[PDB]
Every structure is written in structure tokens, then in C-alpha cells.
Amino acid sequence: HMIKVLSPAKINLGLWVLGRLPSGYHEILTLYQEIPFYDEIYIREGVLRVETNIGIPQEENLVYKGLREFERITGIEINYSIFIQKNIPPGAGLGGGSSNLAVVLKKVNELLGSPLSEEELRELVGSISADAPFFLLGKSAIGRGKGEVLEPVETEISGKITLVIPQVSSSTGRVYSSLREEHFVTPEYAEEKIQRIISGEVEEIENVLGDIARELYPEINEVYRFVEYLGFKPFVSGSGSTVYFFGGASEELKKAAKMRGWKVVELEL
């Protein structure tokens, strides 16, 4: 009895870093926005298996790690065969892996009689991925702490958004590790910025991890410069690699993308 579950992406509509935590993580503020861009996940009764169409090893898959932790916490044997069709590229700053982890573990929990509460599930996915708890909420939310302390919000943002995703995979850890004092801001500063974005002022979006990613991976900067040339203000999701803008894709951009190996995703919010 195979089922299909959709695993959506997010973008950050702005991100600010407040400082380092002794744990090695960073305290942040960000506006998360779930976007209609999905991995397709097929769940089948069978021997525990987690496969993708892009060669991610089972042992390194967040979903697999989550299911194995589920088994350990709960005592219940997981007999599900998982295949993920990965439309959302790894290292794109769209939280694809985090989404995968959250929707699979939410579904498997329900299928097995809900041995974990909303809170326990949240803590489980959260202990593996800072972005994963967002995907248990979806829609629009302010993420605080490491990103997992969530406040649902209603924004005045709608219309076309285009994602331009280069082939280069951005390492989240490497981008965060390049942060120094000059990159940090007070929460009061970030908090004012986020509220303006929520009210529709998209010009107020910024993201220091984007600044760093453009330096560490020159192709992200090329995409960024190309979007400017197209007549749009570019923005960066996560720690890169994705650049987005508020508008549609022209034939010129599609041509550039085809030639350069960029993925162009046209969305409506």
C-alpha cells in the first residue's frame, strides 16, 4: 500500500545572525516562507530503506537518521521503504533535506498510531536539523533561537517569485563558520527589518549568509549579478546557493540557465 507525500521547500525572506552559541550553532532571526516547490516522496511497506534519485547514501540521509532515532526512542520497528524524488537540490538553501525529514517523520508517526506527541516529534526532527521544525508548521513564520522557535505570521507578500539555482552546492556549515563580529546585528535591528518585510516591504530583505556565500562560491555571485542585469533586486535564500527575485523568468534568463546549468523555478505566492 504505497502512498505519496509532497515535501515543500522554503525561502528565507531575510536572515540575521545575532551571535555564536557555545554549542557551535548561531543565534539567528529569519522570516521563513514555505514555497510551492516539492520533492515527491513515495512510502511503501517493506524493509527499512531510504533512497533518492540523486545518489545520496542511505546512511547520510536525514530521513534515515530520523527514522533510526524514531526506532530508538520508541522501540517500534520501522518497516517502510522510502523513495524521494529530489526536485529541491541539496545545498540550495531551500531546506529540502529538512523538509524531507519532517514530512516523513510526521507521516510515519501518524501511520504507527502517533507514539510521539507534536512536541516530541518537534524535538526529534529539531535535534537533527535546525530548519526541520519549520516544516511541521509551513506557511509564514518568524524563526528565532537557532531557527526552531517559531512564530506564525501573516504577510502582505504575494505574486511572482523566481528562483535561480546554480549547480554549486553551498555548505551551510562552511558559510556559518566564516561569520565574524562585523556580520552580527542586534535583535532590535533585525526585529524592525522583519516586521517591514511582513508588511510587504521586500526591499528591506537582506541576508549576511548570502553575502558570504557569494564570496565563497563565485557562481552564486554570477547569478546575483545576472539577476541585477535582468532589472531585478536579487535576494539569497539560506546560506545560498539559491538567488530569488520578485518577477517572472524571461527567455534570456531561461537561455542563460540552460547554458550554465542553472535551475529556474517560477512560483506564485
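Basically, rigid core = biggest C-alpha set you can superpose within 1.5 Å across the two forms. So that there is no doubt, residue numbering starts at 1 and follows the sequence shown.
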item	value
Higher-deviation stretch (C-alpha RMS, rigid core fit) in 5 other deposited structures of this protein, choosing from 134-142 and 172-180	172-180
Residue stretch of maximal mean CA temperature factor, 113-121 vs 167-175	113-121
Higher-B stretch (mean Cα B-factor, as the entry records it), 61-69 or 225-233	61-69
Of the residues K193, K146, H183, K107, the one carrying the largest Cα B-factor as recorded	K107
Member of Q33, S241, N53, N207 with the greatest C-alpha B factor (per the PDB record)	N53
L216 CA temperature factor, ranked by third within the chain	middle
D39 - Cα temperature factor, lowest/middle/highest third of chain	middle
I76 by Cα B-factor - lowest, middle or highest third of the modelled chain	highest
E27 CA temperature factor, ranked by third within the chain	lowest
Chain third (lowest, middle, highest) by recorded CA B-factor, residue given as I82	highest
